[PDB]
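One file, entry13.cif, carrying mmCIF, C-alpha atoms (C1' of nucleotides); chains and numbers go by the auth columns:
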data_upload
#
loop_
_atom_site.group_PDB
_atom_site.id
_atom_site.type_symbol
_atom_site.label_atom_id
_atom_site.label_comp_id
_atom_site.label_asym_id
_atom_site.label_seq_id
_atom_site.Cartn_x
_atom_site.Cartn_y
_atom_site.Cartn_z
_atom_site.B_iso_or_equiv
_atom_site.auth_seq_id
_atom_site.auth_asym_id
ATOM 1 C CA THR A 1 40.177 -12.547 -15.100 0.00 1153 A
ATOM 2 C CA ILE A 2 39.623 -10.497 -18.247 0.00 1154 A
ATOM 3 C CA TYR A 3 42.269 -12.459 -20.146 0.00 1155 A
ATOM 4 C CA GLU A 4 40.723 -15.787 -19.124 0.00 1156 A
ATOM 5 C CA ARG A 5 37.239 -14.580 -20.058 0.00 1157 A
ATOM 6 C CA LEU A 6 38.535 -13.599 -23.512 0.00 1158 A
ATOM 7 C CA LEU A 7 40.664 -16.680 -24.279 0.00 1159 A
ATOM 8 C CA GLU A 8 37.596 -18.919 -24.255 0.00 1160 A
ATOM 9 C CA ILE A 9 35.886 -16.381 -26.505 0.00 1161 A
ATOM 10 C CA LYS A 10 38.855 -16.670 -28.886 0.00 1162 A
ATOM 11 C CA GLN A 11 38.686 -20.440 -29.262 0.00 1163 A
ATOM 12 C CA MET A 12 34.911 -20.521 -29.364 0.00 1164 A
ATOM 13 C CA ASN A 13 35.222 -17.628 -31.831 0.00 1165 A
ATOM 14 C CA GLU A 14 37.070 -19.730 -34.350 0.00 1166 A
ATOM 15 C CA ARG A 15 34.502 -22.493 -34.015 0.00 1167 A
ATOM 16 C CA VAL A 16 31.487 -20.188 -33.738 0.00 1168 A
ATOM 17 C CA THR A 17 32.344 -17.942 -36.654 0.00 1169 A
ATOM 18 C CA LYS A 18 32.558 -21.182 -38.608 0.00 1170 A
ATOM 19 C CA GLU A 19 29.115 -22.064 -37.229 0.00 1171 A
ATOM 20 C CA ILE A 20 27.312 -18.716 -37.584 0.00 1172 A
ATOM 21 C CA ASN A 21 28.553 -18.107 -41.114 0.00 1173 A
ATOM 22 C CA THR A 22 26.617 -21.265 -42.019 0.00 1174 A
ATOM 23 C CA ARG A 23 23.426 -20.756 -39.999 0.00 1175 A
ATOM 24 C CA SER A 24 20.808 -22.217 -42.315 0.00 1176 A
ATOM 25 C CA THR A 25 17.134 -21.357 -42.357 0.00 1177 A
ATOM 26 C CA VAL A 26 14.864 -24.264 -43.261 0.00 1178 A
ATOM 27 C CA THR A 27 12.131 -23.478 -45.777 0.00 1179 A
ATOM 28 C CA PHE A 28 8.843 -22.583 -44.151 0.00 1180 A
ATOM 29 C CA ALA A 29 9.685 -19.981 -41.527 0.00 1181 A
ATOM 30 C CA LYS A 30 10.504 -17.516 -44.308 0.00 1182 A
ATOM 31 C CA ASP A 31 7.292 -18.105 -46.249 0.00 1183 A
ATOM 32 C CA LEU A 32 5.323 -17.589 -43.023 0.00 1184 A
ATOM 33 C CA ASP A 33 7.835 -15.192 -41.396 0.00 1185 A
ATOM 34 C CA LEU A 34 8.488 -17.383 -38.362 0.00 1186 A
ATOM 35 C CA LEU A 35 12.050 -16.328 -37.495 0.00 1187 A
ATOM 36 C CA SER A 36 13.223 -13.636 -35.092 0.00 1188 A
ATOM 37 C CA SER A 37 14.035 -10.495 -37.075 0.00 1189 A
ATOM 38 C CA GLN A 38 14.529 -8.464 -33.894 0.00 1190 A
ATOM 39 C CA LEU A 39 18.273 -8.982 -33.512 0.00 1191 A
ATOM 40 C CA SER A 40 18.654 -8.107 -37.209 0.00 1192 A
ATOM 41 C CA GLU A 41 16.464 -4.995 -37.372 0.00 1193 A
ATOM 42 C CA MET A 42 18.940 -3.351 -34.979 0.00 1194 A
ATOM 43 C CA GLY A 43 21.962 -5.183 -36.365 0.00 1195 A
ATOM 44 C CA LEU A 44 23.079 -7.214 -33.353 0.00 1196 A
ATOM 45 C CA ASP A 45 23.113 -10.566 -35.166 0.00 1197 A
ATOM 46 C CA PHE A 46 26.659 -11.807 -35.699 0.00 1198 A
ATOM 47 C CA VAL A 47 26.190 -12.438 -39.431 0.00 1199 A
ATOM 48 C CA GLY A 48 28.840 -10.937 -41.673 0.00 1200 A
ATOM 49 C CA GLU A 49 32.104 -10.856 -39.734 0.00 1201 A
ATOM 50 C CA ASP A 50 34.150 -12.359 -36.920 0.00 1202 A
ATOM 51 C CA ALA A 51 32.929 -13.239 -33.437 0.00 1203 A
ATOM 52 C CA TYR A 52 36.024 -12.080 -31.533 0.00 1204 A
ATOM 53 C CA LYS A 53 35.615 -8.756 -33.257 0.00 1205 A
ATOM 54 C CA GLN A 54 31.894 -8.148 -32.714 0.00 1206 A
ATOM 55 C CA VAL A 55 32.042 -9.142 -29.051 0.00 1207 A
ATOM 56 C CA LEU A 56 34.660 -6.456 -28.417 0.00 1208 A
ATOM 57 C CA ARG A 57 32.908 -3.925 -30.653 0.00 1209 A
ATOM 58 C CA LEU A 58 29.646 -4.587 -28.816 0.00 1210 A
ATOM 59 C CA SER A 59 31.474 -4.279 -25.496 0.00 1211 A
ATOM 60 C CA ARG A 60 32.739 -0.873 -26.590 0.00 1212 A
ATOM 61 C CA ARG A 61 29.215 0.100 -27.615 0.00 1213 A
ATOM 62 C CA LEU A 62 28.045 -0.996 -24.164 0.00 1214 A
ATOM 63 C CA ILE A 63 30.693 0.882 -22.168 0.00 1215 A
ATOM 64 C CA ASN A 64 29.892 4.094 -24.028 0.00 1216 A
ATOM 65 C CA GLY A 65 26.224 3.361 -23.318 0.00 1217 A
ATOM 66 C CA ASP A 66 25.174 3.459 -26.969 0.00 1218 A
ATOM 67 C CA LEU A 67 24.124 -0.199 -26.599 0.00 1219 A
ATOM 68 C CA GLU A 68 21.552 -1.326 -24.065 0.00 1220 A
ATOM 69 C CA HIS A 69 22.844 -3.810 -21.512 0.00 1221 A
ATOM 70 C CA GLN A 70 19.801 -6.013 -22.224 0.00 1222 A
ATOM 71 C CA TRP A 71 20.247 -6.319 -25.993 0.00 1223 A
ATOM 72 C CA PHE A 72 23.946 -7.047 -25.512 0.00 1224 A
ATOM 73 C CA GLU A 73 22.885 -10.031 -23.414 0.00 1225 A
ATOM 74 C CA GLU A 74 20.576 -11.424 -26.095 0.00 1226 A
ATOM 75 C CA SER A 75 23.137 -10.773 -28.825 0.00 1227 A
ATOM 76 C CA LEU A 76 25.711 -12.763 -26.878 0.00 1228 A
ATOM 77 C CA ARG A 77 23.050 -15.418 -26.194 0.00 1229 A
ATOM 78 C "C1'" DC B 1 -7.094 -11.043 28.611 0.00 1 B
ATOM 79 C "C1'" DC B 2 -3.636 -7.807 27.724 0.00 2 B
ATOM 80 C "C1'" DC B 3 0.777 -5.407 29.044 0.00 3 B
ATOM 81 C "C1'" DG B 4 5.792 -6.105 29.603 0.00 4 B
ATOM 82 C "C1'" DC B 5 10.172 -8.023 28.781 0.00 5 B
ATOM 83 C "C1'" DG B 6 13.146 -11.046 26.178 0.00 6 B
ATOM 84 C "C1'" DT B 7 15.223 -14.007 22.469 0.00 7 B
ATOM 85 C "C1'" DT B 8 14.585 -14.959 17.668 0.00 8 B
ATOM 86 C "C1'" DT B 9 13.319 -14.195 13.151 0.00 9 B
ATOM 87 C "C1'" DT B 10 11.834 -11.338 9.362 0.00 10 B
ATOM 88 C "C1'" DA B 11 11.909 -7.960 6.173 0.00 11 B
ATOM 89 C "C1'" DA B 12 11.934 -3.024 6.044 0.00 12 B
ATOM 90 C "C1'" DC B 13 15.142 0.349 4.868 0.00 13 B
ATOM 91 C "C1'" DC B 14 19.093 2.215 2.335 0.00 14 B
ATOM 92 C "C1'" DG B 15 21.960 2.596 -1.468 0.00 15 B
ATOM 93 C "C1'" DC B 16 23.095 1.585 -5.788 0.00 16 B
ATOM 94 C "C1'" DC B 17 22.407 -0.011 -10.723 0.00 17 B
ATOM 95 C "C1'" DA B 18 19.640 -0.539 -15.194 0.00 18 B
ATOM 96 C "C1'" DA B 19 15.552 0.220 -18.113 0.00 19 B
ATOM 97 C "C1'" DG B 20 11.953 2.421 -20.205 0.00 20 B
ATOM 98 C "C1'" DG B 21 6.913 3.797 -19.700 0.00 21 B
ATOM 99 C "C1'" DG B 22 4.787 7.519 -19.708 0.00 22 B
ATOM 100 C "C1'" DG B 23 4.455 12.369 -18.118 0.00 23 B
ATOM 101 C "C1'" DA B 24 5.258 16.684 -20.162 0.00 24 B
ATOM 102 C "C1'" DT B 25 5.894 19.676 -23.866 0.00 25 B
ATOM 103 C "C1'" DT B 26 5.665 21.497 -28.841 0.00 26 B
ATOM 104 C "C1'" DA B 27 3.715 22.197 -33.399 0.00 27 B
ATOM 105 C "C1'" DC B 28 -0.192 21.578 -36.799 0.00 28 B
ATOM 106 C "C1'" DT B 29 -4.635 21.689 -37.976 0.00 29 B
ATOM 107 C "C1'" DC B 30 -9.606 21.225 -37.771 0.00 30 B
ATOM 108 C "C1'" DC B 31 -13.701 20.403 -35.939 0.00 31 B
ATOM 109 C "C1'" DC B 32 -16.352 21.948 -32.319 0.00 32 B
ATOM 110 C "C1'" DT B 33 -18.387 25.723 -29.682 0.00 33 B
ATOM 111 C "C1'" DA B 34 -19.559 30.735 -29.210 0.00 34 B
ATOM 112 C "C1'" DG B 35 -22.205 34.138 -31.289 0.00 35 B
ATOM 113 C "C1'" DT B 36 -25.977 36.128 -33.826 0.00 36 B
ATOM 114 C "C1'" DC B 37 -30.703 36.803 -36.428 0.00 37 B
ATOM 115 C "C1'" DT B 38 -35.281 34.864 -37.152 0.00 38 B
ATOM 116 C "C1'" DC B 39 -38.845 31.597 -35.974 0.00 39 B
ATOM 117 C "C1'" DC B 40 -41.877 29.392 -33.104 0.00 40 B
ATOM 118 C "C1'" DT B 41 -43.669 26.226 -29.869 0.00 41 B
ATOM 119 C "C1'" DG B 42 -42.780 24.428 -25.251 0.00 42 B
ATOM 120 C "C1'" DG B 43 -43.247 25.909 -20.718 0.00 43 B
ATOM 121 C "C1'" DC B 44 -45.336 29.070 -17.405 0.00 44 B
ATOM 122 C "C1'" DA B 45 -49.212 31.608 -15.223 0.00 45 B
ATOM 123 C "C1'" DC B 46 -53.985 31.590 -14.395 0.00 46 B
ATOM 124 C "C1'" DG B 47 -58.471 29.404 -13.915 0.00 47 B
ATOM 125 C "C1'" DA B 48 -61.244 25.430 -12.731 0.00 48 B
ATOM 126 C "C1'" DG B 49 -63.219 21.057 -11.466 0.00 49 B
ATOM 127 C "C1'" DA B 50 -63.513 17.087 -8.975 0.00 50 B
ATOM 128 C "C1'" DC B 51 -61.732 13.134 -6.441 0.00 51 B
ATOM 129 C "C1'" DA B 52 -57.854 11.638 -3.093 0.00 52 B
ATOM 130 C "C1'" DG B 53 -57.475 12.029 1.239 0.00 53 B
ATOM 131 C "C1'" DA B 54 -58.327 14.074 5.787 0.00 54 B
ATOM 132 C "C1'" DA B 55 -61.563 13.467 9.323 0.00 55 B
ATOM 133 C "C1'" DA B 56 -64.607 11.051 12.165 0.00 56 B
ATOM 134 C "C1'" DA B 57 -67.479 7.900 14.579 0.00 57 B
ATOM 135 C "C1'" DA B 58 -68.161 3.255 15.541 0.00 58 B
ATOM 136 C "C1'" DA B 59 -66.673 -1.715 15.730 0.00 59 B
ATOM 137 C "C1'" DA B 60 -62.995 -5.095 15.725 0.00 60 B
ATOM 138 C "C1'" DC B 61 -58.913 -6.480 17.280 0.00 61 B
ATOM 139 C "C1'" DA B 62 -54.702 -6.465 19.065 0.00 62 B
ATOM 140 C "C1'" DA B 63 -51.188 -5.449 22.606 0.00 63 B
ATOM 141 C "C1'" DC B 64 -50.838 -5.030 28.176 0.00 64 B
ATOM 142 C "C1'" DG B 65 -51.538 -7.152 33.098 0.00 65 B
ATOM 143 C "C1'" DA B 66 -54.343 -10.870 37.449 0.00 66 B
ATOM 144 C "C1'" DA B 67 -55.865 -16.526 39.481 0.00 67 B
ATOM 145 C "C1'" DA B 68 -56.207 -21.180 38.195 0.00 68 B
ATOM 146 C "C1'" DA B 69 -54.189 -25.218 36.166 0.00 69 B
ATOM 147 C "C1'" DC B 70 -50.314 -28.017 34.685 0.00 70 B
ATOM 148 C "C1'" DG B 71 -45.716 -29.315 34.977 0.00 71 B
ATOM 149 C "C1'" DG B 72 -41.213 -29.454 37.228 0.00 72 B
ATOM 150 C "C1'" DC B 73 -38.357 -29.433 41.362 0.00 73 B
ATOM 151 C "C1'" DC B 74 -37.782 -30.093 46.374 0.00 74 B
ATOM 152 C "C1'" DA B 75 -39.225 -32.126 50.813 0.00 75 B
ATOM 153 C "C1'" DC B 76 -41.520 -35.712 53.511 0.00 76 B
ATOM 154 C "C1'" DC B 77 -43.522 -40.291 54.142 0.00 77 B
ATOM 155 C "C1'" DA B 78 -43.941 -45.215 52.843 0.00 78 B
ATOM 156 C "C1'" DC B 79 -42.039 -49.415 50.787 0.00 79 B
ATOM 157 C "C1'" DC B 80 -38.249 -52.320 49.182 0.00 80 B
ATOM 158 C "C1'" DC B 81 -33.406 -53.683 49.201 0.00 81 B
ATOM 159 C "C1'" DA B 82 -28.888 -53.950 51.448 0.00 82 B
ATOM 160 C "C1'" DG B 83 -26.024 -54.004 55.514 0.00 83 B
ATOM 161 C "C1'" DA B 84 -25.193 -54.702 60.490 0.00 84 B
#

Take the structure in the file and write it out as structure tokens.
Amino acid sequence: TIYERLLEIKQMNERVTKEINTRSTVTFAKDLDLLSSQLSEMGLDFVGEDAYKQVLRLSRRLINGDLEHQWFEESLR
DNA sequence: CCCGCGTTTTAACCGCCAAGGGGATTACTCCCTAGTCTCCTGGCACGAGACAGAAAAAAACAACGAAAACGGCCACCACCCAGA
């Protein structure tokens, strides 16, 4: 069950790292501050590195309890 | 109408997990309250005077209790209709 729940994350990780590393803003949310800075202020946004390395790192953070089980949900959302 | 007993359904209860609001505490600092001296004027005691109200007597009226009249219901008689 764990292996099957991580294989999909692997494939989607290739594709989704490709995606996330090119998440464009538009023009007018920044001038008027219309984007969600919440997942960035506490560094849960997946910008900067792999997806099948931040999912596992976040899982570790969650098991140790350092990461809320609610914010992990949004970050994976 | 409410108690009693019985199926049938509902949700209370337990227990377990996850999250965080807010109780509780600590440390810093200041602004508010206690305290005190001097000043005085508001509140109290005393005196007074007069009018609001108690009283009162008398009249008006406004609640309590009998016989006649009117209306309604029941019984009896008369008239009309239906049946034998």

Please write as a compact mmCIF listing (two decimals) with C-alpha atoms (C1' of nucleotides), in the frame of the given file the full residue list that the PyMOL selection byres ((chain B) within 12 of (chain A)) yields on this file.
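Saved file expr00.txt follows:
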# COMPACT_ATOMS: atom_id res chain seq x y z
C1' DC B 17 22.41 -0.01 -10.72
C1' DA B 18 19.64 -0.54 -15.19
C1' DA B 19 15.55 0.22 -18.11
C1' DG B 20 11.95 2.42 -20.20

> atom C1' of residue B:16 to atom CA of residue A:1224: how many Å, to one decimal?
Replying inline: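 Pair atom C1' of residue B:16 / atom CA of residue A:1224 returns 21.5 Å.
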
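What separates atom CA of residue A:1194 from atom CA of residue A:1170 is a distance of 22.7 Å.
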
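Taking atom CA of residue A:1211 as the reference point, atom CA of residue A:1225 is found at 10.5 Å.
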
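The residue set within 10 Å of residue A:1198, counting all atoms listed in the file and dropping same-chain residues fewer than 2 places from it, reads residues 1168, 1169, 1172, 1173, 1191, 1192, 1195, 1196, 1200, 1201, 1202, 1203, 1205, 1206, 1207, 1227 and 1228 of chain A.
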
Around all the atoms of stretch 1189-1193 of chain A listed in the file, draw an axis-aligned box and extend it by 5 Å on each of the six sides; I want its centre and edge lengths in Å to one decimal, as AutoDock Vina command-line options.
--center_x 16.3 --center_y -7.7 --center_z -35.4 --size_x 14.6 --size_y 15.5 --size_z 13.9

Mind rebuilding stretch 1191-1202 of chain A with N, CA and C atoms and writing that out as a PDB file, in the coordinates of the input?
ATOM      1  N   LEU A1191      16.839  -9.209 -33.620  1.00  0.00           N
ATOM      2  CA  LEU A1191      18.273  -8.982 -33.512  1.00  0.00           C
ATOM      3  C   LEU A1191      18.898  -8.528 -34.821  1.00  0.00           C
ATOM      4  N   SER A1192      18.174  -8.620 -35.934  1.00  0.00           N
ATOM      5  CA  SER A1192      18.654  -8.107 -37.209  1.00  0.00           C
ATOM      6  C   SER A1192      18.196  -6.685 -37.481  1.00  0.00           C
ATOM      7  N   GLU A1193      16.961  -6.341 -37.112  1.00  0.00           N
ATOM      8  CA  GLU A1193      16.464  -4.995 -37.372  1.00  0.00           C
ATOM      9  C   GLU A1193      17.358  -3.936 -36.744  1.00  0.00           C
ATOM     10  N   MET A1194      17.972  -4.241 -35.603  1.00  0.00           N
ATOM     11  CA  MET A1194      18.940  -3.351 -34.979  1.00  0.00           C
ATOM     12  C   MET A1194      20.363  -3.885 -35.083  1.00  0.00           C
ATOM     13  N   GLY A1195      20.607  -4.825 -35.991  1.00  0.00           N
ATOM     14  CA  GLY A1195      21.962  -5.183 -36.365  1.00  0.00           C
ATOM     15  C   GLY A1195      22.828  -5.713 -35.246  1.00  0.00           C
ATOM     16  N   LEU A1196      22.282  -6.554 -34.377  1.00  0.00           N
ATOM     17  CA  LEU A1196      23.079  -7.214 -33.353  1.00  0.00           C
ATOM     18  C   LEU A1196      23.400  -8.661 -33.697  1.00  0.00           C
ATOM     19  N   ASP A1197      22.767  -9.224 -34.723  1.00  0.00           N
ATOM     20  CA  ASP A1197      23.113 -10.566 -35.166  1.00  0.00           C
ATOM     21  C   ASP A1197      24.544 -10.592 -35.687  1.00  0.00           C
ATOM     22  N   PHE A1198      25.238 -11.693 -35.409  1.00  0.00           N
ATOM     23  CA  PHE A1198      26.659 -11.807 -35.699  1.00  0.00           C
ATOM     24  C   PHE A1198      26.938 -12.246 -37.131  1.00  0.00           C
ATOM     25  N   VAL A1199      25.988 -12.062 -38.039  1.00  0.00           N
ATOM     26  CA  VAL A1199      26.190 -12.438 -39.431  1.00  0.00           C
ATOM     27  C   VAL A1199      27.039 -11.381 -40.120  1.00  0.00           C
ATOM     28  N   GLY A1200      28.072 -11.829 -40.829  1.00  0.00           N
ATOM     29  CA  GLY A1200      28.840 -10.937 -41.673  1.00  0.00           C
ATOM     30  C   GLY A1200      30.322 -10.871 -41.373  1.00  0.00           C
ATOM     31  N   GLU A1201      30.714 -11.066 -40.117  1.00  0.00           N
ATOM     32  CA  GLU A1201      32.104 -10.856 -39.734  1.00  0.00           C
ATOM     33  C   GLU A1201      32.433 -11.734 -38.533  1.00  0.00           C
ATOM     34  N   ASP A1202      33.613 -11.505 -37.963  1.00  0.00           N
ATOM     35  CA  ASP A1202      34.150 -12.359 -36.920  1.00  0.00           C
ATOM     36  C   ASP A1202      33.299 -12.286 -35.656  1.00  0.00           C
TER      37      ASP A1202
END
